[PDB]
Every structure is written in C-alpha cells, then in structure tokens.
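Colleague: What follows is a single structure, and I will ask about it in a moment.
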Amino acid sequence: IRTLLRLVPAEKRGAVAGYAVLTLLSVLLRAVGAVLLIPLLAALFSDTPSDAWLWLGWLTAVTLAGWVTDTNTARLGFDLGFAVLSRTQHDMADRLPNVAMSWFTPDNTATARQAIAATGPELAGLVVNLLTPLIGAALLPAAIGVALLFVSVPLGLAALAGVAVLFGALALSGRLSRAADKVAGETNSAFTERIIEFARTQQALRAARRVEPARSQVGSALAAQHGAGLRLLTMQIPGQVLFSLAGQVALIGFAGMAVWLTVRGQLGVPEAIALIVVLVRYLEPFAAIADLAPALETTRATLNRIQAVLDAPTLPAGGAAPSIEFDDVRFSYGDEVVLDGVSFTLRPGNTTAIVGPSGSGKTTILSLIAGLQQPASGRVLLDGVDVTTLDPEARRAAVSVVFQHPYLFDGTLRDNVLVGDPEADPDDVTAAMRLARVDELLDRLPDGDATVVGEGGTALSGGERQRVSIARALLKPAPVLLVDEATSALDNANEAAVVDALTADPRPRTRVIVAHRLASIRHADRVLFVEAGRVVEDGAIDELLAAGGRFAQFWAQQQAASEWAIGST
Amino acid sequence: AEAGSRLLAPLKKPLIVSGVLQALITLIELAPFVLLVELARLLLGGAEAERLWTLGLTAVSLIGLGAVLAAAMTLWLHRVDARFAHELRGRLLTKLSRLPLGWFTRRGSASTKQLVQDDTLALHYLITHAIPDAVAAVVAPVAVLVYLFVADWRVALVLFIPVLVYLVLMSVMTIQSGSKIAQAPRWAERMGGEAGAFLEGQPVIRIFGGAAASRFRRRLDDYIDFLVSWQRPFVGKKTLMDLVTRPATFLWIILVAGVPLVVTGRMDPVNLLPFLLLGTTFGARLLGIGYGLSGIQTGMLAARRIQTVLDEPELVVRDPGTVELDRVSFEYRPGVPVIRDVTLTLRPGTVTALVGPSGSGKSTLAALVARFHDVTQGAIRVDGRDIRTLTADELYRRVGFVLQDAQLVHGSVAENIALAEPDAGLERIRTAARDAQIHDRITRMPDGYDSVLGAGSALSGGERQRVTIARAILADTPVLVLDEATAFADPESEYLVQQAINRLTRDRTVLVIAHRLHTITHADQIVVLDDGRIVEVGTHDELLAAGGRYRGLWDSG
Ligand SMILES: Nc1ncnc2c1ncn2[C@@H]1O[C@H](COP(=O)(O)OP(=O)(O)O)[C@@H](O)[C@H]1O
Ligand SMILES: Nc1ncnc2c1ncn2[C@@H]1O[C@H](COP(=O)(O)OP(=O)(O)O)[C@@H](O)[C@H]1O
Numbered sequence: 002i003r004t005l006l007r008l009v010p011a012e013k014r015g016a017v018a019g020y021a022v023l024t025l026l027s028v029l030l031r032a033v034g035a036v037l038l039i040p041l042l043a044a045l046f047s048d049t050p051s052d053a054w055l056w057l058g059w060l061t062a063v064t065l066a067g068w069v070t071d072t073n074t075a076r077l078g079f080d081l082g083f084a085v086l087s088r089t090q091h092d093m094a095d096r097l098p099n100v101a102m103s104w105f106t107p108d109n110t111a112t113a114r115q116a117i118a119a120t121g122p123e124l125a126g127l128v129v130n131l132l133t134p135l136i137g138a139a140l141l142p143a144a145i146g147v148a149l150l151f152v153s154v155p156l157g158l159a160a161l162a163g164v165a166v167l168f169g170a171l172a173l174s175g176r177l178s179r180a181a182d183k184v185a186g187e188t189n190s191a192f193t194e195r196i197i198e199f200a201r202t203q204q205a206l207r208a209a210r211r212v213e214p215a216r217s218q219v220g221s222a223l224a225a226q227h228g229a230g231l232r233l234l235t236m237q238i239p240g241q242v243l244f245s246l247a248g249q250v251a252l253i254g255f256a257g258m259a260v261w262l263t264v265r266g267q268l269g270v271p272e273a274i275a276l277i278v279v280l281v282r283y284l285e286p287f288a289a290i291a292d293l294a295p296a297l298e299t300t301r302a303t304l305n306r307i308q309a310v311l312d313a314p315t316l317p318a319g327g328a329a330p331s332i333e334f335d336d337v338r339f340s341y342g343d344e345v346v347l348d349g350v351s352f353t354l355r356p357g358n359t360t361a362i363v364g365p366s367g368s369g370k371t372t373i374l375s376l377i378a379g380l381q382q383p384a385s386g387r388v389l390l391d392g393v394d395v396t397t398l399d400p401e402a403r404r405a406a407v408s409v410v411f412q413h414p415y416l417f418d419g420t421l422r423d424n425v426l427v428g429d430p431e432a433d434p435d436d437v438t439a440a441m442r443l444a445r446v447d448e449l450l451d452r453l454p455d456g457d458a459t460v461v462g463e464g465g466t467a468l469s470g471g472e473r474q475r476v477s478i479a480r481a482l483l484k485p486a487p488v489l490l491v492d493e494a495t496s497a498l499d500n501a502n503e504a505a506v507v508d509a510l511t512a513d514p515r516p517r518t519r520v521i522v523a524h525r526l527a528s529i530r531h532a533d534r535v536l537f538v539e540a541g542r543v544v545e546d547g548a549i550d551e552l553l554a555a556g557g558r559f560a561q562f563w564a565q566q567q568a569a570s571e572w573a574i575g576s577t
Numbered sequence: 316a317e318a319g320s321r322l323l324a325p326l327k328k329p330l331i332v333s334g335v336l337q338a339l340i341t342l343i344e345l346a347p348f349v350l351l352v353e354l355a356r357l358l359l360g361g362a363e364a365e366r367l368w369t370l371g372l373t374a375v376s377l378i379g380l381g382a383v384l385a386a387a388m389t390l391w392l393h394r395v396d397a398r399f400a401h402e403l404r405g406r407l408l409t410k411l412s413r414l415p416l417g418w419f420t421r422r423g424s425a426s427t428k429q430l431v432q433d434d435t436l437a438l439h440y441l442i443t444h445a446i447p448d449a450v451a452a453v454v455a456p457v458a459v460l461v462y463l464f465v466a467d468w469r470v471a472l473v474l475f476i477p478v479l480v481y482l483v484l485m486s487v488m489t490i491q492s493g494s495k496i497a498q499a500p501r502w503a504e505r506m507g508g509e510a511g512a513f514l515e516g517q518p519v520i521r522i523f524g525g526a527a528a529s530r531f532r533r534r535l536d537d538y539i540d541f542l543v544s545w546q547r548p549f550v551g552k553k554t555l556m557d558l559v560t561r562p563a564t565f566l567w568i569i570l571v572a573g574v575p576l577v578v579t580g581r582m583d584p585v586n587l588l589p590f591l592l593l594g595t596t597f598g599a600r601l602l603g604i605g606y607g608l609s610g611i612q613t614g615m616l617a618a619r620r621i622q623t624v625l626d627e628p629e630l631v632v633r634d651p652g653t654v655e656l657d658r659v660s661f662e663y664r665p666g667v668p669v670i671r672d673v674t675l676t677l678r679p680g681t682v683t684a685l686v687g688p689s690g691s692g693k694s695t696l697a698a699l700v701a702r703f704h705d706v707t708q709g710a711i712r713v714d715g716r717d718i719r720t721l722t723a724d725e726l727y728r729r730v731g732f733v734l735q736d737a738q739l740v741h742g743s744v745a746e747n748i749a750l751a752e753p754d755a756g757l758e759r760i761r762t763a764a765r766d767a768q769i770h771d772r773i774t775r776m777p778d779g780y781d782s783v784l785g786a787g788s789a790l791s792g793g794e795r796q797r798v799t800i801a802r803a804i805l806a807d808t809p810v811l812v813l814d815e816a817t818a819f820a821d822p823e824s825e826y827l828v829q830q831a832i833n834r835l836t837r838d839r840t841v842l843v844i845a846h847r848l849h850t851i852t853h854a855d856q857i858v859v860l861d862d863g864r865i866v867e868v869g870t871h872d873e874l875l876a877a878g879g880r881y882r883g884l885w886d887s888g
C-alpha cells in the first residue's frame, strides 16, 4: 500500500532498500531451501540414503544464511518501526495545529484520538510482526514455483498456475467472511434498535403510565421479526471452509497427479514422495497468510486512520489597533452555509457586539478573524494583510479570544491566565487580575491563585471559568481582542468583569463581542445580528434598538425574561 | 467467572455439542495428512493401483465430509444463537421497564447504546465464532502433537527445543521489564486523555499556543521515549524468539534429527513424512492459541457487561397535594452521602425552591421526590402515603416531573402531548399546547398537529421542553418536581418556557431546583442546602433579613 511507504522517513531510504533486498534474499534462501528437499528426500526414501548428507549439507548452508539474513531484516525492521513511529507521530503532532478546525467533526476527532493514542505499540511492531511474515509467506509459493519450473519444468508450470487458484480461493474466503461479519452486524443492530428507542424514551414513558404497553409492543415486534434470521447463511457457509476445502482439494489433486505420473513411469517413487512433500510445503505459506488475516485487517484500519489525519486540509501560510475586514466572506460547515453574506470594515480600537440565536453562526465569525478556519470565499484581512498570507508565527500574536467554552489546560489560576504572554511582569498580572475580577474568587479559593483549577482540581462554575478566560485574554498584547457568550446568570460578577473588559481595558486594541444577555449587548458600538449565518442586521446599538428591529425584540425578550421571579408574575 | 456463567446458563449443552463437532471437523481436516503418509507407505510397498484408488477416494470422501459438516453445524449453531439471543434481547426488554429511573440517567458508566448493542453482537461472536475457533485452535495443535509423538517420539521430542527456547526467552523478557509492562496500559490511557485535551482544547493552542501547544508535544515525546527505551533493549531477544518458531527452522531441525536416524537405520524412513507434513507448521499453530483465547475473553467481557445490567436492583413497591419529607438521607454509592437528615413539608398548592451553588444534592433531593432512587434512610410521603407504596399507575399521575434533557417519543405531535392521556381530544391537546405556549411552532410545522416527531426532528431543545410541559399539563398531576435549569436552557425560548412553567405551577404543588437567586421572590418556602444537608430555611424576605448564607450568595450575585 502506498501510504505505508509514504510513512517512511526520508532518511531511511537506504534502510528500506536494504530491507527489501534482504527480504528477497531470505525468500530465496528458504524457497531454494525447500526445493532442495527434492534431492534430499529423493535419496532418503530411495535405495541410497547416504546421498542425503551432501544435500543436507547444502540445506544447512542455506538455512544458516536464512537465519543471518532474517536477523539482519528483523533488526532493521525494529529500527524502521521505531523511526516510522517517531516520524509519523511528529508529523501528525505538527500537522494538527495547522489543521483547519472545519476538520474536527467528532467522528474525525475520535479517529484522530485513536490514531494518536492507540498506535504506539502497533506501529513499533508493524514491519516486525505484519509485513515481514506477509511478504515471506506470499513470495514463497511463487519462488518454489519458479525453482520447480527451472528443474522439472512440467510441474513448476502447474505449481505457478495453481498459485493463482490458491490465492483466489484465499481472497474469496476472506472477502466472503468479511461480508458475513458485516451482514451479522447489520442484522444484530437492526433487531435491537427498538430497545435503544425504549431506553432513550424511558423517562417520558414511565412518567406517562405507558411503560407496560410500550414494552409489550416492542416485545411483539421483536418476536415478529425474529423468525427471518436464517435465510442469509449462503455467504458464511463458504467462509474458512471454502479456503480449507480448496487447499485440501489442491493437495489431493497434486498428490494424485504425482501418483499418476509414478504409475505412468515418468517419475521414480522417492521423487514422487519428495514432490508430494514439496507440494505440501508449497501450500503451507497460504495457511500462514490465512492465519495472519486479522492483524492485516486491524493494521489496515489503523493505517486508514493515520492516512485520514495526515491528509486533512491544512491552512496556507505566508502594533496599534488594526483594521479588520471581511471582503464578502462566506463559509460552510457540514451541509449548510454557516456564514452568508458576511462583510464589514471595523474601525480600529472600537467595541463591537454580535447577537443572534444560538447555532446561527455567531462564534464562527470569531473563528474566522481568529484564523481558526480559512475562508471558503472572500477575504479576511488584518490591516489589509490576508490571514492566510500572514506569516505563521506572526499570526499567533494578532488576535485574542474569550471562548464560549472556557478551556483550561489544568494549570493554576496564575498559570492559566499567564497563557498568552508568559513574559509579563507581576504588576501587569495583578492589573489583569483586578480587571477580570477573578480576585473575588481568590477570597473564596483556598490557596489563592496557586490553586489548581483543572477539571479535577476545582469544580469552577462556567461564569468563573469564563472570568479566568477574560483575565487570560486581557493579559496578552494582542492587537485584537474578542469575546464570546457563555455568561450564565449564576455569576453576576462575571457580567461585571465582562463590562469592565468592554470599558476599563487599558491597552488600545480593537474589541469585538458576541452576546446574548443584557450586560454584553449594552456598551458596544454596533451589532451584527446573525440568523442561520446570514447577517440580517448591521447598525449601531441605539440605531437598531430604537428602530424596533430584530435586535430590539431580542433585547426586549431577554430583559423581560431576566426580570421574572418564581411564585407569581 | 460467575456472571458470565450465570448469563450463559441455557447454552451449556449446545456449546458443548458445538465444541465436539468442531473437534471432529478439525480432526477430519488433519486426516488427509495421514492419508498421504499411507499413500507413501503403499508406494514404497509397491501396492496395486486399486488400493491407491481406495486411498485416493477415501481422501476425497473425508474432505467432502469435513466440508459438509462444517456448513451443517455452523448452520445449526447459527439458529441456536438466534434462539438464545432472542431470549436475551426479550429479557433485557423486560429488565429496562423495572430498573430505577436514575440508572438510565448516566452515572458516567457505559452508555445505553454500547451496553446492549455492542455486547449482544460480541456475544454472537462468542457463540458462533469465538468458541468454535478456540476449540479448533486448541484441538488442532494437541492432535498434531499426539500424532507426531505416536509416529516417532524421538523426533517429536526434539520439537520442544524451539518451544523451550521461545518460552525461556519470553520468561526472561517479561520479568526483565515488569515495571514497563505494568506502566504500559496506564501510559496508554494517560496519552489518550492528553490527546483528548489537545483535540478538545485545540483553539486555545491555535490562538495562544505557548505552554499549551508544547505540553502535548513534550508528553508525546515522553511517551515515545518510554516505548523506545522499553522495546529497543530487547531486539536481540525478540528476533531470536521469532527465528525459532519459523517453519524453516523447524524444517531444518526435523531434517537434522531424522536424517542421521534414517541413514543409520534407526527408524523406518516413512515415519519422518508426518513431521515434514505437519510438524513444520507446529510452531506457527501454537502461536494461534492466544488469539482464540483472546476472542473468548473479549466475548466474556460483553457477557459480563450484559449480566451486570440484568443484576441491578429493581424499583421495588411496598404495601390534596400535600408533600412531606422526613429525615431523608441518600448516597449514590455507600460511604458518600449527598443528602443527610434533611426535613421539609409543603402545603397544597404551594411552591418550594432549593438554592445553593455547591449543589449539596439539590438535584438529587428533587429527583428523590419522584423516586429516581430509593432513600437510604428517612421517608417521603405524598398526601400521607409513602412514595414506596405507589405503583406507576398512581405515583406518576400524582407526581408529574419535568427535569432537564426532556426525552421525546416517536410519533405524531398530537400523540406526543397525550402519552399521559391518549384519550384526550384535539381541543384538549390544543388547549394544553397553548397553555404551554407551544401552539405557535406546531402551527408553523408543515403538517400541523398531524406532524410526526422523534429522534430525527427539527424541533430545538426549548421547543421540545415546551412540548414536555404541554404533556405534563395534559397529565394533570397535583404534585410536581421541576428544575429551574429548563428556564435558561434556551434564552430565546426563555419567555415562552417561563410562561409555560408559570401556567403549570399556578394551580399545583411544585418543588423546584433553584440556581438563579433572582428568580425566586414569591415562593412560599425557599430552602438552601450546603455540605449535603439542610443549613437554613425560610422565605426570601425572611432569609434576606436573617443575613445568612442566602444573603451572602445574593450579594455575591
Ligand atoms: N467542530 C464542529 N462540529 C460540529 N459542528 C460545528 C463545528 N464547528 C461549527 N459547527 C456548526 O456551527 C454552528 C454554530 O456556529 P456559531 O453560531 O458560531 O456557534 P454558537 O452556536 O455557539 O453561537 C452549529 O450549527 C454547528 O453545527
Ligand atoms: N452522574 C453522576 N455520577 C456520579 N456522581 C453523581 C452524579 N450525579 C450526582 N452525583 C453525586 O451527587 C453529588 C452532588 O449533588 P448534585 O445533585 O450532583 O449537585 P448538582 O445538582 O449541583 O449537580 C456528588 O457528591 C456526586 O457524588
């Protein structure tokens, strides 16, 4: 397979070539070591056993070479496994930061996790365990066919022609067995879909006093469908039985032809016995490959995963308040246009808001100016410099974000906030601390900023984690600052910290906000109301609110909802 | 194991018969390697053509018999598997309708999807694939070894030399790296978690980088260095193990052991033919036992996983809207209280809220009203009757709860409101919908009240929650249980959800999980839980005047 070659490091080409050469040499010092049985057993069973010693001598003198070249192939295989594991792991870990975020559909993320995590021992033992036995057992039948075609030409031609028959039987057996497994999985999953339908809808049924009728209905359905599980045995019947029967049929056919030639006088009895022995040896590698199938299947799966992650799309590449521009930018994810007709030119150093229904494509805007995803259409620029054409290391110091999910890398509060600018002095850290208001949690936290605030370290609530994110984003010297919306009403101090971020920011830098609740829609300069990725409104805060537009209705609904108390109107 | 044995009770006999038949088939497929030996014997003896015809027809009869049985047994085993898996699926169906409701609420354990769908299929491969393949892989090499020993024990005993070397080297390797093998799966899980954090925390690494970007690379390099330091010092061991198993080394050893014997006249030469036929692959067959036993073990894992589900306790039943709670204490697992010795009482038509940021079993306390689990101590009574003694026909028409993550049944939306009362008329369903403020979206949906719904549907979370509120309205349950998280679950639908909740709560007794402190001012009795127990109780105004924990929390907000 091409990908298994492409995974090779470029430095070990003189190692792969040596591996291939010594593998063919190993094949041709046991294939000849097998055909050399014929002079050996043609003397062993004959009237002159003493002739066996010479051919035994030149059998051991090739088995020793087989040992030496096998050792030199296997040590080289260990080296190549280690240096393909390291090479592909580093290539993946370099690729993934540059992978566009549109790739992380969560089956893709699951496969990437599997490739990164589960492939350690396997790749170290790829050539040693899978490929070397595969090649050494695949070439051996053809090698014996050629070596028994040069010697005793009427029979080697039959052996080489029957290699096709036996490999066809093996391939058909494997194909039918794989299809049988697929069919069994399909039928089993189809029968029990009703049980999952029950389990998901268990609460709504049980509270409705309908659990027993639904249980009876599902039981009746299962009983009705049960009887139709037998008719599709036509493909498991020729499973491993097909390969075993084909192998033994070929065995008996060759043995019968040998006995027929013996009776017809074209061969001697010892020659006809040694031919049978070699024609048994000619079959053994096929059984070895058939035994080796599941390892090949699992390695094909893992190589498919590594190929999929390796070929994932990757972004191209190459201190005042910048100007941010969208030149009629559009973007699509899945099977929908997550961004439709998006264009603007932000005046530098301003505060801007974004609002709309959740799932409408609001955070994807921040992903676009953040450089997380290249634009499908249009241009995204910073002071006219297209982000795709921006230099790689320079792009990472151009923008800052406060995400809807306040990700924390399992450090302390100081350690988490220090992400973005580790070189900042302690007074700057204290100033950002005061601005983000996380110091209020230090009055609650046991060990102050040194407390670990990972997922297992502290059960930090979403507003508080977002506040830590505001601190982190405020610290760094990004020319552009961005904020998202996950401000639950449980923490009003989080809203106060957001307000201070809009208003009390010391540094000069363009500010953009994405907002749902009142505190985050108040002090901006303009709003880009998003709906299904389409910017349906574009205007000032007062302009849109006083005009009675969609933003006005949204603000009215949010304010009315926030004012409610339970127990009366 | 006890769980796996208990689950596979009725299949004790069919599995034994399948094992016997697989042993028979495997012995049949190693028969022609005996008939070729007899063919060589006849050729050396110069037998007439008819005897060789007899042998060559026997070797076709046997390979026809061993291909007819191996499709006329694994055709019987398939329908036996069907007849058992049906009685297991139809048993898990009955067990789903008797487990406690909170078991379905995920405790972080295996999902409802995997725990049946994957495990029934793995049990299928245990019955029809793993056990037959395993008995075949266990009976083939032992039959081969017995045949080679009875043929010529002196040459067969020499075959232990590669086996002894392989086992000795494996024992030397495993002991020499005990710490590494102990560490290996834990390192695998640790780097799996690290990859999960790296992938899930991708945008921070992409936009900030610094420590976050380099942490993954450093940990990955540590893992790769661990693997390299573990495997690289054993190349000379492992390659030497690989050599001694190969067919070529067995062939050379057999020939060097037999040719001196044959030439010296110490054994009849045709006794060496079975070893050349079979013994040359003796090494590569013992290496296949582990795969079959691994398949059996993987199947038994799923067997145990299904068995544990069938062994969990059932929701037992014993024996004006008032609710009474007395000294209740609940623990999810023993030794870990989450509610302890709390006490409460609710008048008919009243409202009660549970507040606190620490949790303190607030959601657990609310769920225990509808007996998602049984209280380890204390009791809960509705209208004077202990909740333990109310079957589902009465309990959940007395107590109609709506918590977070409402689950929608498949069918018409008109039906989907009327699970609690399928006899409800169209006008009744419409009035319930307009009470829940869900009539608008249903009218917007293309087929109106005829429209179907289910797992695949366009309705959002808030719309589905309002649908469930309409269902609860049609249920007409005097006592209720509620979670305030459904209020701010969807800010866009928060107005309509608020109106629906207010309509539902107005005429009916309600107990609420409260998170936002500003949303409870008129509730007749506010409650606060901390340290998994009651600390203060009182109304909003009285608690504010008291200056207790509620006042501090509200001042914080
Ligand atoms: N990695 C991803 N996986 C799945 N869906 C995604 C991903 N990235 C973006 N989307 C899609 O983008 C939409 C959300 O965009 P947006 O509105 O900007 O975020 P939010 O909904 O949090 O405000 C969703 O409809 C979602 O399907
Ligand atoms: N899914 C779960 N898995 C394990 N433990 C849980 C789970 N849900 C609740 N708990 C237990 O309940 C506790 C806290 O009460 P809980 O009702 O979770 O508070 P909250 O309502 O704020 O989430 C913890 O002590 C925890 O052990």
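Protein chains in written order, with the entry's author numbering: chain B, 2 to 319, 327 to 577; chain A, 316 to 634, 651 to 888. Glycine included, each C-beta is placed from N, C-alpha and C at the ideal position.
(1) Using a Cβ-Cβ distance cut-off of 9 Å, determine whether B/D292 contacts chain A.
(2) Does A/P668 come out as helix, strand or coil in the three-state DSSP assignment?
(3) I need the straight-line Cα distance from B/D429 to B/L489, nearest angstrom please.
(4) Leaving aside the five residues before and after A/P329 along the sequence, list all residues of the same chain whose C-beta is less than 6 Å from its C-beta, in chain order.
(5) Under 8 Å between beta-carbons, which chain B residues line up against A/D855? List them in chain order, please.
(6) Taking a cut-off of 6 Å, which residues have a beta-carbon closer than that to any heavy atom of ligand 2, in chain order?
(7) Can you give me the start and stop residues for the beta strand (DSSP E) that B/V544 sits inside?
(8) From B/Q382 to A/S791, what distance separates their C-alpha atoms?
(9) Can you find the residues in the same chain that come closer than 6 Å, C-beta to C-beta, to B/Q565, ignoring five residues on each side of it along the sequence?
(10) Using a threshold of 9 Å, state whether the C-beta atoms of B/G541 and B/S368 are closer than that.
(11) Tell me, please, whether the CB atom of A/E344 is closer than 9 Å to any CB atom in chain B?
(12) Work out the CA separation of B/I307 and B/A111 for me, nearest whole Å.
(13) Please list the partners that B/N189 has in chain A, where partner means a Cβ-to-Cβ separation under 9 Å.
(14) Hey, could you find the ends of the beta strand (DSSP E) A/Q856 is sitting in?
(15) Could you pull out every residue in the same chain whose Cβ sits closer than 6 Å to the Cβ of A/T676, ignoring the five residues on either side in sequence?
(16) Using only the alpha-carbon positions, how far apart do B/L37 and B/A273 sit?
(17) Please state if the CB of A/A599 and the CB of A/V450 are separated by a distance shorter than 9 Å.
(18) Any C-beta of chain A sitting closer than 9 Å to the C-beta of B/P365?
(19) Using the C-alpha atoms, what's the distance from B/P40 back to B/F151?
(20) Could you check if A/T683 is buried or exposed, using at least 16 other CB atoms within 10 Å of its CB as the buried criterion?
(21) Using only the alpha-carbon positions, how far apart do B/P98 and B/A318 sit?
(22) Determine the DSSP secondary structure at A/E627, reduced to helix, strand or coil.
(23) Look at the Cβ atom of B/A53, then the Cβ atom of B/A44, and state whether they are nearer than 9 Å.
(24) Taking 9 Å as the cut-off, decide whether the C-beta atoms of A/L407 and B/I253 are in contact.
(25) Quick check: is the beta carbon of B/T303 nearer than 9 Å to any beta carbon in chain A?
(26) Pick out the complete alpha helix (DSSP H) segments inside the stretch 47-128 of chain B, 4 residues or longer, and give them in chain order.
Modeller: Checking against the coordinates, here is how it stands:
(1) Mapped onto the first sequence, residue 292 of chain B falls at position 291. Taking Cβ atoms only, chain A reaches closer than 9 Å to B/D292, which makes this a yes.
(2) As a first step, residue 668 of chain A must be located in the second sequence, where it is residue number 337. In the structure shown, A/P668 sits in a strand (DSSP, three-state: E or B).
(3) As a working note, residue 429 of chain B is residue 421 in the first sequence. As a working note, residue 489 of chain B is residue 481 in the first sequence. So the two alpha carbons sit approximately 14 Å from each other.
(4) Within the second sequence, residue 329 of chain A is the residue found at index 14, counting from 1. The answer, listed in chain order, is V395.
(5) Position 524 of the second sequence, counting from 1, holds the residue named residue 855 of chain A. The contacting residues are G575.
(6) A/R422, A/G423, A/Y663, A/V667, A/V669, A/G690, A/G692, A/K693, A/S694 and A/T695
(7) As a working note, residue 544 of chain B is residue 536 in the first sequence. Per DSSP, B/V544 belongs to the beta strand (DSSP E) from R542 to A548.
(8) Position 374 of the first sequence holds residue 382 of chain B. Position 460 of the second sequence holds residue 791 of chain A. Straight-line Cα distance between these residues: approximately 29 Å.
(9) Along the first sequence, read from residue 1 onward, the residue named residue 565 of chain B stands at position 557. If we look at B/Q565 and ignore the five residues flanking it on each side, it has no Cβ neighbours.
(10) Start at 1 with the first residue of the first sequence, and residue 541 of chain B comes out as number 533. Start at 1 with the first residue of the first sequence, and residue 368 of chain B comes out as number 360. Yes.
(11) Taking the second sequence and counting its residues from 1, one reaches residue 344 of chain A at position 29. True, the Cβ-Cβ gap to chain B drops below 9 Å.
(12) Within the first sequence, numbered from 1, the residue matching residue 111 of chain B stands at position 110. Within the first sequence, numbered from 1, the residue matching residue 307 of chain B stands at position 306. Answer to the nearest angstrom: the Cα atoms are 12 Å apart.
(13) The residue labelled residue 189 of chain B in the question sits at position 188 within the first sequence. Under the 9 Å cutoff, chain A gives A400, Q432, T435, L436 and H439.
(14) To locate residue 856 of chain A, count along the second sequence from 1; it is residue 525. Per DSSP, A/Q856 belongs to the beta strand (DSSP E) from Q856 to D861.
(15) The residue you call residue 676 of chain A lines up with position 345 of the second sequence. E655, listed in sequence order.
(16) Locating residue 37 of chain B in the first sequence gives position 36, where the first residue counts as 1. Locating residue 273 of chain B in the first sequence gives position 272, where the first residue counts as 1. Between B/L37 and B/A273, the C-alpha separation is close to 14 Å.
(17) Start at 1 with the first residue of the second sequence, and residue 450 of chain A comes out as number 135. Start at 1 with the first residue of the second sequence, and residue 599 of chain A comes out as number 284. Cβ distance not < 9 Å, so A/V450 and A/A599 don't count as in contact.
(18) In the first sequence, residue 365 of chain B corresponds to position 357, counting from 1. Yes, because at least one Cβ of chain A sits closer than 9 Å to the Cβ of B/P365.
(19) The residue you call residue 151 of chain B lines up with position 150 of the first sequence. The residue you call residue 40 of chain B lines up with position 39 of the first sequence. Taking the straight line from one Cα to the other gives about 14 Å.
(20) Position 352 of the second sequence, counted from the first residue, corresponds to residue 683 of chain A. Classification of A/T683: buried, given that the 10 Å Cβ count is 16 or more.
(21) On the first sequence, position 97 is the one that residue 98 of chain B refers to. On the first sequence, position 317 is the one that residue 318 of chain B refers to. Rounded to whole angstroms, B/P98 to B/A318 spans 13 Å at the Cα level.
(22) Residue mapping note: residue 627 of chain A aligns to position 312 of the second sequence, counting from 1. Note: A/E627 maps to coil in three-state DSSP.
(23) If you number the first sequence from 1, residue 53 of chain B lands on position 52. If you number the first sequence from 1, residue 44 of chain B lands on position 43. The answer is yes: Cβ separation under 9 Å.
(24) Residue numbering aside, residue 407 of chain A sits at position 92 when the second sequence is read from its first letter. Residue numbering aside, residue 253 of chain B sits at position 252 when the first sequence is read from its first letter. It is not a contact, given that the beta carbons lie outside the stated cut-off.
(25) Translated into positions along the first sequence, residue 303 of chain B becomes position 302. No, its Cβ sits nowhere closer than 9 Å to a Cβ of chain A.
(26) 53-99, 107-119 and 121-125
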